[PDB]
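Q: Handing over start.txt, compact mmCIF, C-alpha atoms and all ligand atoms.
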# COMPACT_ATOMS: atom_id res chain seq x y z
CA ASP M 26 -6.28 26.69 2.21
CA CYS M 27 -5.58 25.72 -1.41
CA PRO M 28 -2.07 26.86 -2.38
CA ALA M 29 -1.36 27.47 -6.03
CA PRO M 30 -0.70 24.31 -8.08
CA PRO M 31 3.09 23.95 -8.22
CA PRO M 32 5.04 23.56 -11.50
CA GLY M 33 4.65 20.20 -13.19
CA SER M 34 7.71 19.82 -15.36
CA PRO M 35 7.81 17.12 -18.05
CA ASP M 36 11.30 16.18 -16.86
CA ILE M 37 12.78 14.43 -13.80
CA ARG M 38 16.44 14.26 -12.67
CA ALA M 39 16.63 12.07 -9.56
CA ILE M 40 19.81 10.62 -7.99
CA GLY M 41 20.40 7.09 -6.67
CA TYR M 42 21.85 7.01 -3.18
CA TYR M 43 22.88 3.47 -2.23
CA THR M 44 26.60 2.61 -2.08
CA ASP M 45 26.64 -1.20 -2.15
CA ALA M 46 25.66 -4.02 -4.49
CA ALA M 47 22.79 -5.02 -2.17
CA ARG M 48 21.46 -1.40 -2.15
CA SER M 49 21.34 -1.54 1.62
CA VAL M 50 23.73 1.25 2.70
CA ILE M 51 22.89 4.90 2.07
CA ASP M 52 25.33 7.61 1.03
CA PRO M 53 23.88 10.55 3.02
CA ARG M 54 25.31 13.11 0.59
CA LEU M 55 23.55 11.47 -2.34
CA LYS M 56 20.35 11.08 -0.33
CA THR M 57 20.36 14.81 0.46
CA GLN M 58 21.04 15.57 -3.20
CA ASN M 59 18.18 13.35 -4.33
CA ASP M 60 15.79 14.84 -1.75
CA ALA M 61 16.44 18.29 -3.16
CA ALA M 62 16.16 17.14 -6.79
CA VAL M 63 12.82 15.40 -6.29
CA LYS M 64 11.29 17.84 -3.79
CA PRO M 65 8.63 19.04 -6.29
CA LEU M 66 7.50 15.44 -6.80
CA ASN M 67 7.35 14.57 -3.12
CA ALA M 68 5.63 17.89 -2.34
CA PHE M 69 3.01 17.24 -5.01
CA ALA M 70 2.28 13.79 -3.59
CA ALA M 71 2.15 15.06 0.00
CA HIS M 72 -0.29 17.82 -0.85
CA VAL M 73 -2.71 15.85 -3.02
CA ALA M 74 -2.90 13.19 -0.29
CA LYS M 75 -3.36 15.87 2.40
CA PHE M 76 -6.23 17.33 0.39
CA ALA M 77 -7.82 13.91 -0.20
CA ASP M 78 -7.60 13.11 3.53
CA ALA M 79 -9.20 16.49 4.33
CA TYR M 80 -11.97 15.78 1.83
CA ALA M 81 -12.56 12.40 3.51
CA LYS M 82 -13.24 14.11 6.87
CA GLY M 83 -16.50 15.43 5.37
CA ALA M 84 -17.87 18.94 5.06
CA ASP M 85 -14.81 19.83 2.97
CA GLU M 86 -15.63 19.55 -0.74
CA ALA M 87 -13.21 22.46 -1.24
CA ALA M 88 -10.31 20.22 -0.20
CA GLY M 89 -11.30 17.57 -2.76
CA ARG M 90 -11.59 20.25 -5.45
CA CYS M 91 -8.16 21.49 -4.45
CA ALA M 92 -6.62 18.08 -5.16
CA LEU M 93 -8.35 18.12 -8.56
CA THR M 94 -6.98 21.59 -9.39
CA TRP M 95 -3.45 20.37 -8.64
CA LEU M 96 -3.92 17.18 -10.66
CA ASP M 97 -5.43 19.09 -13.57
CA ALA M 98 -2.56 21.58 -13.58
CA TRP M 99 0.03 18.78 -13.82
CA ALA M 100 -2.04 17.00 -16.47
CA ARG M 101 -2.19 20.16 -18.57
CA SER M 102 1.57 20.72 -18.33
CA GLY M 103 2.34 17.11 -19.29
CA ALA M 104 4.11 16.61 -15.98
CA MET M 105 6.52 13.65 -15.92
CA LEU M 106 5.94 12.78 -19.59
CA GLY M 107 9.27 14.20 -20.77
CA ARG M 108 12.83 13.15 -20.07
CA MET M 109 13.68 10.70 -17.28
CA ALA M 110 17.26 11.82 -16.82
CA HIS M 111 19.66 9.09 -15.72
CA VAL M 112 22.62 10.09 -13.58
CA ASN M 113 23.77 7.03 -11.64
CA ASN M 114 20.71 4.73 -11.94
CA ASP M 115 16.99 4.79 -12.83
CA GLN M 116 15.85 6.85 -9.83
CA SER M 117 13.92 9.17 -12.15
CA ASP M 118 11.82 6.26 -13.41
CA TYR M 119 11.20 5.07 -9.84
CA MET M 120 10.05 8.57 -8.94
CA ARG M 121 7.66 8.62 -11.90
CA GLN M 122 6.27 5.27 -10.67
CA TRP M 123 5.73 6.48 -7.13
CA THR M 124 4.40 9.91 -8.11
CA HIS M 125 1.99 8.44 -10.64
CA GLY M 126 0.75 6.21 -7.82
CA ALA M 127 0.22 9.17 -5.51
CA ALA M 128 -1.53 11.20 -8.22
CA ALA M 129 -3.74 8.33 -9.33
CA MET M 130 -4.71 7.51 -5.75
CA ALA M 131 -5.68 11.12 -5.11
CA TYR M 132 -7.76 11.21 -8.29
CA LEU M 133 -9.46 7.93 -7.33
CA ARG M 134 -10.37 9.42 -3.96
CA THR M 135 -11.62 12.82 -5.21
CA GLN M 136 -12.95 12.20 -8.74
CA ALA M 137 -16.62 12.45 -7.72
CA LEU M 138 -16.02 16.23 -7.64
CA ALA M 139 -14.27 16.49 -11.00
CA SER M 140 -15.57 18.71 -13.77
CA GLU M 141 -15.97 17.24 -17.24
CA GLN M 142 -12.76 18.94 -18.38
CA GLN M 143 -10.86 17.80 -15.29
CA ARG M 144 -11.94 14.19 -15.86
CA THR M 145 -10.76 14.29 -19.47
CA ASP M 146 -7.52 16.08 -18.70
CA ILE M 147 -6.58 14.02 -15.66
CA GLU M 148 -7.65 10.63 -16.99
CA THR M 149 -5.75 11.15 -20.24
CA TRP M 150 -2.63 12.09 -18.28
CA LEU M 151 -2.98 9.13 -15.89
CA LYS M 152 -3.35 6.73 -18.82
CA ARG M 153 -0.28 8.23 -20.51
CA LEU M 154 1.67 7.78 -17.27
CA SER M 155 0.39 4.19 -17.03
CA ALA M 156 1.66 3.41 -20.53
CA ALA M 157 5.04 5.11 -19.96
CA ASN M 158 5.64 3.36 -16.63
CA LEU M 159 4.54 0.02 -18.05
CA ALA M 160 6.96 0.40 -20.95
CA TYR M 161 9.88 0.76 -18.53
CA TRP M 162 9.29 -2.85 -17.52
CA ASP M 163 9.44 -4.16 -21.10
CA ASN M 164 13.24 -4.31 -20.75
CA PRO M 165 14.05 -7.56 -18.89
CA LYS M 166 17.18 -6.00 -17.44
CA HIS M 167 14.87 -3.98 -15.19
CA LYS M 168 14.43 -6.42 -12.30
CA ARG M 169 10.80 -6.76 -11.22
CA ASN M 170 11.25 -6.24 -7.50
CA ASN M 171 9.18 -3.96 -5.27
CA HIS M 172 9.48 -1.14 -7.85
CA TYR M 173 7.40 -3.23 -10.25
CA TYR M 174 4.71 -3.81 -7.62
CA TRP M 175 4.72 -0.08 -6.80
CA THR M 176 4.20 0.61 -10.52
CA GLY M 177 0.99 -1.37 -10.11
CA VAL M 178 -0.44 1.20 -7.67
CA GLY M 179 -0.77 3.92 -10.28
CA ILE M 180 -1.89 1.52 -12.97
CA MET M 181 -4.56 -0.02 -10.71
CA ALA M 182 -5.86 3.30 -9.38
CA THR M 183 -6.04 4.62 -12.95
CA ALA M 184 -7.81 1.42 -14.04
CA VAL M 185 -10.47 1.71 -11.33
CA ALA M 186 -10.98 5.47 -11.70
CA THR M 187 -11.36 5.17 -15.49
CA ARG M 188 -13.23 1.84 -15.44
CA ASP M 189 -10.67 0.53 -17.97
CA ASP M 190 -10.83 -3.29 -18.13
CA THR M 191 -7.56 -3.48 -20.07
CA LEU M 192 -5.66 -1.51 -17.43
CA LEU M 193 -7.38 -3.55 -14.71
CA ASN M 194 -6.04 -6.71 -16.33
CA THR M 195 -2.56 -5.17 -16.54
CA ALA M 196 -2.66 -4.29 -12.84
CA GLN M 197 -3.92 -7.75 -11.97
CA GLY M 198 -0.89 -9.19 -13.76
CA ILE M 199 1.48 -7.04 -11.72
CA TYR M 200 -0.22 -8.04 -8.45
CA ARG M 201 -0.10 -11.70 -9.43
CA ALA M 202 3.54 -11.45 -10.41
CA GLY M 203 4.30 -10.40 -6.84
CA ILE M 204 2.11 -13.14 -5.37
CA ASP M 205 3.74 -15.71 -7.67
CA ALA M 206 7.23 -14.59 -6.55
CA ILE M 207 6.57 -15.51 -2.90
CA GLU M 208 8.48 -18.69 -2.07
CA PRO M 209 7.05 -21.44 0.15
CA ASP M 210 9.07 -20.15 3.09
CA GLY M 211 7.45 -16.69 2.66
CA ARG M 212 10.41 -14.80 1.20
CA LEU M 213 10.61 -12.61 -1.86
CA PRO M 214 14.16 -13.38 -3.10
CA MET M 215 14.83 -9.97 -4.60
CA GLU M 216 13.89 -8.31 -1.30
CA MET M 217 15.83 -10.92 0.71
CA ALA M 218 18.94 -9.81 -1.24
CA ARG M 219 18.84 -6.42 0.55
CA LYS M 220 20.95 -7.46 3.57
CA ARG M 221 20.18 -5.32 6.62
CA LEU M 222 17.11 -3.96 4.78
CA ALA M 223 15.59 -7.36 3.94
CA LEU M 224 12.74 -6.98 6.46
CA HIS M 225 12.21 -3.38 5.38
CA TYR M 226 11.88 -4.43 1.74
CA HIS M 227 9.57 -7.36 2.45
CA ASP M 228 7.33 -4.83 4.22
CA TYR M 229 7.77 -2.37 1.35
CA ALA M 230 6.92 -5.01 -1.28
CA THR M 231 3.82 -6.13 0.64
CA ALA M 232 2.46 -2.57 0.73
CA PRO M 233 1.56 -2.10 -2.97
CA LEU M 234 0.34 -5.68 -3.32
CA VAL M 235 -2.15 -5.19 -0.48
CA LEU M 236 -3.16 -1.78 -1.81
CA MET M 237 -3.88 -3.27 -5.23
CA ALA M 238 -6.00 -6.01 -3.72
CA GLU M 239 -7.84 -3.38 -1.70
CA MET M 240 -8.58 -1.36 -4.82
CA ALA M 241 -9.87 -4.53 -6.45
CA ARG M 242 -12.58 -4.66 -3.75
CA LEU M 243 -13.88 -1.41 -5.22
CA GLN M 244 -14.91 -3.57 -8.18
CA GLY M 245 -16.27 -6.35 -5.98
CA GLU M 246 -13.31 -8.66 -6.54
CA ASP M 247 -11.41 -10.64 -3.90
CA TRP M 248 -7.81 -10.89 -5.17
CA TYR M 249 -6.72 -12.59 -1.94
CA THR M 250 -8.15 -15.81 -3.38
CA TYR M 251 -5.37 -15.91 -5.98
CA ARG M 252 -2.81 -18.41 -4.62
CA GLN M 253 -4.76 -18.06 -1.40
CA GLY M 254 -2.45 -18.11 1.63
CA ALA M 255 0.74 -17.02 -0.13
CA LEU M 256 0.34 -13.33 0.74
CA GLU M 257 -0.41 -14.42 4.31
CA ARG M 258 2.91 -16.25 4.54
CA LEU M 259 4.76 -13.09 3.37
CA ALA M 260 2.75 -10.76 5.63
CA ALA M 261 3.25 -13.08 8.60
CA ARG M 262 7.03 -13.07 8.03
CA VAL M 263 6.97 -9.28 8.11
CA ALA M 264 4.96 -9.09 11.33
CA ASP M 265 7.11 -11.82 12.92
CA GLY M 266 10.26 -10.00 11.78
CA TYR M 267 9.40 -6.86 13.71
CA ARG M 268 9.15 -9.05 16.84
CA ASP M 269 12.22 -11.21 16.23
CA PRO M 270 14.44 -10.68 13.17
CA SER M 271 16.23 -14.03 13.46
CA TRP M 272 14.73 -15.53 10.29
CA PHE M 273 15.51 -12.42 8.24
CA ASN M 274 19.00 -12.33 9.79
CA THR M 275 19.76 -15.88 8.73
CA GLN M 276 18.17 -15.78 5.31
CA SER M 277 19.57 -12.35 4.34
CA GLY M 278 23.01 -12.90 5.87
CA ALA M 279 22.85 -9.59 7.75
CA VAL M 280 21.54 -8.44 11.12
CA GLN M 281 18.43 -6.43 10.30
CA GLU M 282 18.35 -2.68 10.82
CA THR M 283 16.30 -1.82 13.90
CA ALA M 284 13.09 -0.02 12.94
CA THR M 285 9.44 0.59 13.90
CA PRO M 286 6.72 0.00 11.27
CA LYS M 287 5.79 3.32 9.71
CA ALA M 288 4.19 4.96 6.68
CA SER M 289 3.70 2.28 3.99
CA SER M 290 3.66 -0.39 6.71
CA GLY M 291 0.04 0.74 7.03
CA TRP M 292 -0.94 -1.91 4.53
CA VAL M 293 -1.53 -3.79 7.77
CA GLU M 294 -4.53 -1.59 8.50
CA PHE M 295 -6.35 -3.18 5.56
CA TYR M 296 -4.76 -6.60 5.67
CA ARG M 297 -5.63 -7.31 9.29
CA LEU M 298 -9.27 -7.16 8.21
CA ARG M 299 -8.67 -9.83 5.55
CA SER M 300 -6.30 -12.27 7.24
CA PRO M 301 -7.50 -15.57 8.74
CA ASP M 302 -5.22 -14.75 11.71
CA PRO M 303 -5.88 -11.05 12.28
CA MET M 304 -4.54 -10.73 15.83
CA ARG M 305 -0.99 -11.56 14.79
CA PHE M 306 -0.96 -8.08 13.21
CA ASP M 307 -1.95 -6.27 16.42
CA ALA M 308 1.62 -5.31 17.31
CA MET M 309 2.12 -3.71 13.89
CA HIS M 310 -1.32 -2.03 14.11
CA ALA M 311 -0.32 -0.48 17.46
CA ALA M 312 2.52 1.38 15.71
CA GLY M 313 -0.08 3.34 13.77
CA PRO M 314 -1.79 5.44 12.70
CA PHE M 315 -0.11 5.21 9.30
CA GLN M 316 0.06 7.81 6.56
CA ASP M 317 1.69 7.54 3.16
CA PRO M 318 0.97 9.85 0.21
CA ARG M 319 2.20 7.19 -2.20
CA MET M 320 -0.69 5.01 -1.00
CA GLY M 321 -3.35 7.71 -0.98
CA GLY M 322 -2.85 9.27 2.46
CA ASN M 323 -4.20 8.04 5.80
CA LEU M 324 -4.19 4.23 5.67
CA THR M 325 -5.59 3.88 9.19
CA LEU M 326 -8.66 5.94 8.27
CA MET M 327 -9.10 4.47 4.76
CA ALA M 328 -9.15 0.96 6.23
CA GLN M 329 -12.14 2.00 8.37
CA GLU M 330 -13.89 4.42 6.01
CA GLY M 331 -13.01 3.04 2.57
CA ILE M 332 -10.46 4.33 0.09
CA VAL M 333 -13.08 6.42 -1.75
CA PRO M 334 -15.21 8.80 0.38
CA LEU M 335 -18.72 8.66 -0.62
CA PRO M 336 -20.52 11.93 -1.65
CL CL M 401 21.19 14.94 -16.84
Render the structure in this file as structure tokens.
Ligand SMILES: [Cl-]

A:
Amino acid sequence: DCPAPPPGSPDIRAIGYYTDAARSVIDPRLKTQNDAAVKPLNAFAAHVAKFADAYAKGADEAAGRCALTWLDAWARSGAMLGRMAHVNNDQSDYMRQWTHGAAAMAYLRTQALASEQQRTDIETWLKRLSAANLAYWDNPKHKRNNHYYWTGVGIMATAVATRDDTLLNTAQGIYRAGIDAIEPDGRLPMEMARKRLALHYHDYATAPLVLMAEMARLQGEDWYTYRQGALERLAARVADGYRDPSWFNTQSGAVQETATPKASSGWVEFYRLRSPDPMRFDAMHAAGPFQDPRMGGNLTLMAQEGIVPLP
């Protein structure tokens, strides 16, 4: 039931796989190469989320403890705190952002079961990852698109799990940077620049923003009041776009790739409970249930049961 914690190397060597300026067309050879290079990272995320979801079913404290054993093993090896090797882009940094998010979400969900040593080990590691991922964004040449918002997932989950007001403020700034970037017509310009993937990337940018706001409810706060309505305009564009892509087609200059909502689209499971117009999200909700390790696991269940199971 609990496989051995897998190796948590300090180092990452991921491979970018888009061929065009708009990062909208995939080179399948490079995608296959990247998949193999980052398999340990994706496997770690998938398993800690699987264990957290199993813990959330109840009567399975062993599953929660399994997630903590895996997290503690990576914390003790200094996983991801070494070299972010750069081959053709910053894919290694993006992988550290997403994997920190998965790890921090799993810790947030399972930490009630942590030993004293596991809390110290894991929290120290998650704070070191927060600082390292934040520092990446100090260079203004790193464009603060959806990768920046995704960085906020791990920072926010670490902030809540450690009750760190400084990290909570940092995460709030990242969330608000995304909200502030929404234009009156609902677009996020850096995601609209992704041609046939413009809808996909508006969905993918919405995901971490919603998840951050949902984690803020764990501290009693309602982040949807910040620039209230702006996130709704973006979310409504996404839902509309799955029905009729004509606005994304015109504004992006490309016919959108045909796709069903999946995985991280499960932000809708939370957001439909917050929106003033919930029923407009029914068609996206019907594509569920939604699971994404980078968001903590089963979004459909967490929206009903809460992100953190209670003991
Ligand atoms: Cl290298």

Q: Env of range 202-218 of chain M: 7 Å cut, atoms = all atoms listed in the file, seq-sep filter 6 positions within chain, self excluded. Answer as a ChimeraX atom specification.

A: /M:47,170,174,226-227,255-256,258-259,262,277

Q: For the residues selected in the previous step, produce a file with C-alpha atoms as a CSV table (one decimal), in the frame of the given file.

A:
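To be explicit, this is the file written out as out10.csv:
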chain,number,residue,atom,x,y,z
M,47,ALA,CA,22.8,-5.0,-2.2
M,170,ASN,CA,11.2,-6.2,-7.5
M,174,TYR,CA,4.7,-3.8,-7.6
M,226,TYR,CA,11.9,-4.4,1.7
M,227,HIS,CA,9.6,-7.4,2.4
M,255,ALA,CA,0.7,-17.0,-0.1
M,256,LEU,CA,0.3,-13.3,0.7
M,258,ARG,CA,2.9,-16.2,4.5
M,259,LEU,CA,4.8,-13.1,3.4
M,262,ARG,CA,7.0,-13.1,8.0
M,277,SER,CA,19.6,-12.4,4.3

Q: Name the closest residue to ligand CL 401 (chain M) among the candidates M:110, M:51, M:104, M:62; distances are taken between atoms, counting all atoms listed in the file.

A: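 Counting all atoms listed in the file, the residue closest to ligand CL 401 (chain M) is M:110.
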
Q: Can you tell me which residues sit at most 8 Å away from ligand CL 401 (chain M), counting only C-alpha atoms and all ligand atoms, written as number ranges by chain?

A: M: 38, 110-112

Q: Find the nearest atom pair between each residue of range 129-178 of chain M and range 64-74 of chain M for residues within 12 Å, count all atoms listed in the file, give distances in Å to one decimal, sort rows by chain and ascending number, and present the table as a tab-separated table.

A:
residue	atom	partner	partner_atom	distance
M:129	CA	M:73	CA	9.9
M:130	CA	M:74	CA	8.1
M:131	CA	M:74	CA	5.9
M:132	CA	M:73	CA	8.6
M:133	CA	M:74	CA	11.0
M:134	CA	M:74	CA	9.1
M:135	CA	M:73	CA	9.7

Q: If we count only C-alpha atoms, what is near residue 239 in chain M at a cut-off of 10 Å, once residues fewer than 6 positions away on the same chain are taken out, given as a list in words?

A: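 Contacts, with the query itself left out: residues 233, 245, 246, 247, 248, 249, 292, 295, 296, 299, 328, 331 and 332 of chain M.
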
Q: Might you pull out every residue within 12 Å of residue 44 in chain M, with only C-alpha atoms counted and same-chain residues fewer than 2 positions away left off, and present them as a ChimeraX atom specification?

A: /M:41-42,46-56,113-114

Q: Go ahead and write the selection's residues with C-alpha atoms as a JSON list (two decimals), in the frame of the given file.

A:
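Full text of result_26.json as output:
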[["chain", "number", "residue", "atom", "x", "y", "z"],
["M", 41, "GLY", "CA", 20.40, 7.09, -6.67],
["M", 42, "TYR", "CA", 21.85, 7.01, -3.18],
["M", 46, "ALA", "CA", 25.66, -4.02, -4.49],
["M", 47, "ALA", "CA", 22.79, -5.02, -2.17],
["M", 48, "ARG", "CA", 21.46, -1.40, -2.15],
["M", 49, "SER", "CA", 21.34, -1.54, 1.62],
["M", 50, "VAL", "CA", 23.73, 1.25, 2.70],
["M", 51, "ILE", "CA", 22.89, 4.90, 2.07],
["M", 52, "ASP", "CA", 25.33, 7.61, 1.03],
["M", 53, "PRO", "CA", 23.88, 10.55, 3.02],
["M", 54, "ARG", "CA", 25.31, 13.11, 0.59],
["M", 55, "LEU", "CA", 23.55, 11.47, -2.34],
["M", 56, "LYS", "CA", 20.35, 11.08, -0.33],
["M", 113, "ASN", "CA", 23.77, 7.03, -11.64],
["M", 114, "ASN", "CA", 20.71, 4.73, -11.94]]

Q: Would you list the contacts of residue 244 in chain M as a list in words, taking every protein, DNA or RNA residue within 12 Å and counting all atoms listed in the file, but skipping same-chain residues closer than 5 positions in sequence?

A: residues 181, 182, 184, 185, 186, 187, 188, 189, 190, 193, 237, 238 and 239 of chain M

Q: Determine the nearest neighbour of residue 162 in chain M from the options M:148, M:118, M:60, M:45, counting all atoms listed in the file.

A: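 Checking each candidate against residue 162 in chain M, we get M:118 as the closest.
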
Q: Starting from the incomplete input, reconstruct N, CA and C atoms of range 79-106 of chain M and write that as a PDB file, keeping the file's coordinate frame.

A:
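The resulting file, rebuild37.pdb, is reproduced below:
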ATOM      1  N   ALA M  79      -8.304  15.446   3.813  1.00  0.00           N
ATOM      2  CA  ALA M  79      -9.200  16.490   4.330  1.00  0.00           C
ATOM      3  C   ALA M  79     -10.599  16.336   3.758  1.00  0.00           C
ATOM      4  N   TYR M  80     -10.694  16.035   2.468  1.00  0.00           N
ATOM      5  CA  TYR M  80     -11.970  15.780   1.830  1.00  0.00           C
ATOM      6  C   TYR M  80     -12.696  14.633   2.514  1.00  0.00           C
ATOM      7  N   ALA M  81     -11.968  13.565   2.867  1.00  0.00           N
ATOM      8  CA  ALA M  81     -12.560  12.400   3.510  1.00  0.00           C
ATOM      9  C   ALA M  81     -13.104  12.691   4.897  1.00  0.00           C
ATOM     10  N   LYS M  82     -12.638  13.740   5.577  1.00  0.00           N
ATOM     11  CA  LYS M  82     -13.240  14.110   6.870  1.00  0.00           C
ATOM     12  C   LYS M  82     -14.687  14.577   6.756  1.00  0.00           C
ATOM     13  N   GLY M  83     -15.161  14.913   5.559  1.00  0.00           N
ATOM     14  CA  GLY M  83     -16.500  15.430   5.370  1.00  0.00           C
ATOM     15  C   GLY M  83     -16.585  16.932   5.554  1.00  0.00           C
ATOM     16  N   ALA M  84     -17.630  17.505   4.966  1.00  0.00           N
ATOM     17  CA  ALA M  84     -17.870  18.940   5.060  1.00  0.00           C
ATOM     18  C   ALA M  84     -16.689  19.737   4.520  1.00  0.00           C
ATOM     19  N   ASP M  85     -15.978  19.173   3.545  1.00  0.00           N
ATOM     20  CA  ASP M  85     -14.810  19.830   2.970  1.00  0.00           C
ATOM     21  C   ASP M  85     -14.677  19.467   1.493  1.00  0.00           C
ATOM     22  N   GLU M  86     -15.734  19.727   0.710  1.00  0.00           N
ATOM     23  CA  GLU M  86     -15.630  19.550  -0.740  1.00  0.00           C
ATOM     24  C   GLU M  86     -14.533  20.433  -1.321  1.00  0.00           C
ATOM     25  N   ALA M  87     -14.273  21.599  -0.724  1.00  0.00           N
ATOM     26  CA  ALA M  87     -13.210  22.460  -1.240  1.00  0.00           C
ATOM     27  C   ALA M  87     -11.862  21.749  -1.264  1.00  0.00           C
ATOM     28  N   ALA M  88     -11.564  20.964  -0.227  1.00  0.00           N
ATOM     29  CA  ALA M  88     -10.310  20.220  -0.200  1.00  0.00           C
ATOM     30  C   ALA M  88     -10.233  19.219  -1.355  1.00  0.00           C
ATOM     31  N   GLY M  89     -11.315  18.484  -1.621  1.00  0.00           N
ATOM     32  CA  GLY M  89     -11.300  17.570  -2.760  1.00  0.00           C
ATOM     33  C   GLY M  89     -11.087  18.300  -4.069  1.00  0.00           C
ATOM     34  N   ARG M  90     -11.776  19.440  -4.244  1.00  0.00           N
ATOM     35  CA  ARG M  90     -11.590  20.250  -5.450  1.00  0.00           C
ATOM     36  C   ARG M  90     -10.174  20.796  -5.546  1.00  0.00           C
ATOM     37  N   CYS M  91      -9.537  21.040  -4.417  1.00  0.00           N
ATOM     38  CA  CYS M  91      -8.160  21.490  -4.450  1.00  0.00           C
ATOM     39  C   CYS M  91      -7.235  20.418  -5.021  1.00  0.00           C
ATOM     40  N   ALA M  92      -7.393  19.170  -4.563  1.00  0.00           N
ATOM     41  CA  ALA M  92      -6.620  18.080  -5.160  1.00  0.00           C
ATOM     42  C   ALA M  92      -6.819  18.037  -6.668  1.00  0.00           C
ATOM     43  N   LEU M  93      -8.064  18.216  -7.128  1.00  0.00           N
ATOM     44  CA  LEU M  93      -8.350  18.120  -8.560  1.00  0.00           C
ATOM     45  C   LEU M  93      -7.710  19.273  -9.326  1.00  0.00           C
ATOM     46  N   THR M  94      -7.682  20.472  -8.746  1.00  0.00           N
ATOM     47  CA  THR M  94      -6.980  21.590  -9.390  1.00  0.00           C
ATOM     48  C   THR M  94      -5.497  21.293  -9.556  1.00  0.00           C
ATOM     49  N   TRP M  95      -4.869  20.695  -8.537  1.00  0.00           N
ATOM     50  CA  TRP M  95      -3.450  20.370  -8.640  1.00  0.00           C
ATOM     51  C   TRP M  95      -3.216  19.287  -9.687  1.00  0.00           C
ATOM     52  N   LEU M  96      -4.045  18.239  -9.671  1.00  0.00           N
ATOM     53  CA  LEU M  96      -3.920  17.180 -10.660  1.00  0.00           C
ATOM     54  C   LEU M  96      -4.134  17.717 -12.063  1.00  0.00           C
ATOM     55  N   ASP M  97      -5.155  18.569 -12.241  1.00  0.00           N
ATOM     56  CA  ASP M  97      -5.430  19.090 -13.570  1.00  0.00           C
ATOM     57  C   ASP M  97      -4.303  19.974 -14.083  1.00  0.00           C
ATOM     58  N   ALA M  98      -3.681  20.722 -13.191  1.00  0.00           N
ATOM     59  CA  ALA M  98      -2.560  21.580 -13.580  1.00  0.00           C
ATOM     60  C   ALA M  98      -1.380  20.746 -14.074  1.00  0.00           C
ATOM     61  N   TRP M  99      -1.052  19.644 -13.368  1.00  0.00           N
ATOM     62  CA  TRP M  99       0.030  18.780 -13.820  1.00  0.00           C
ATOM     63  C   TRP M  99      -0.348  18.044 -15.099  1.00  0.00           C
ATOM     64  N   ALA M 100      -1.611  17.634 -15.236  1.00  0.00           N
ATOM     65  CA  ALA M 100      -2.040  17.000 -16.470  1.00  0.00           C
ATOM     66  C   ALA M 100      -1.859  17.942 -17.651  1.00  0.00           C
ATOM     67  N   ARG M 101      -2.246  19.201 -17.470  1.00  0.00           N
ATOM     68  CA  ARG M 101      -2.190  20.160 -18.570  1.00  0.00           C
ATOM     69  C   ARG M 101      -0.755  20.516 -18.939  1.00  0.00           C
ATOM     70  N   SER M 102       0.178  20.484 -17.988  1.00  0.00           N
ATOM     71  CA  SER M 102       1.570  20.720 -18.330  1.00  0.00           C
ATOM     72  C   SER M 102       2.309  19.474 -18.803  1.00  0.00           C
ATOM     73  N   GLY M 103       1.641  18.331 -18.913  1.00  0.00           N
ATOM     74  CA  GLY M 103       2.340  17.110 -19.290  1.00  0.00           C
ATOM     75  C   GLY M 103       3.394  16.675 -18.291  1.00  0.00           C
ATOM     76  N   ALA M 104       3.119  16.875 -17.009  1.00  0.00           N
ATOM     77  CA  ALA M 104       4.110  16.610 -15.980  1.00  0.00           C
ATOM     78  C   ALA M 104       4.568  15.148 -16.026  1.00  0.00           C
ATOM     79  N   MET M 105       5.881  14.961 -15.964  1.00  0.00           N
ATOM     80  CA  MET M 105       6.520  13.650 -15.920  1.00  0.00           C
ATOM     81  C   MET M 105       6.483  12.885 -17.223  1.00  0.00           C
ATOM     82  N   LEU M 106       6.007  13.486 -18.313  1.00  0.00           N
ATOM     83  CA  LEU M 106       5.940  12.780 -19.590  1.00  0.00           C
ATOM     84  C   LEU M 106       7.094  13.123 -20.513  1.00  0.00           C
TER      85      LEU M 106
END
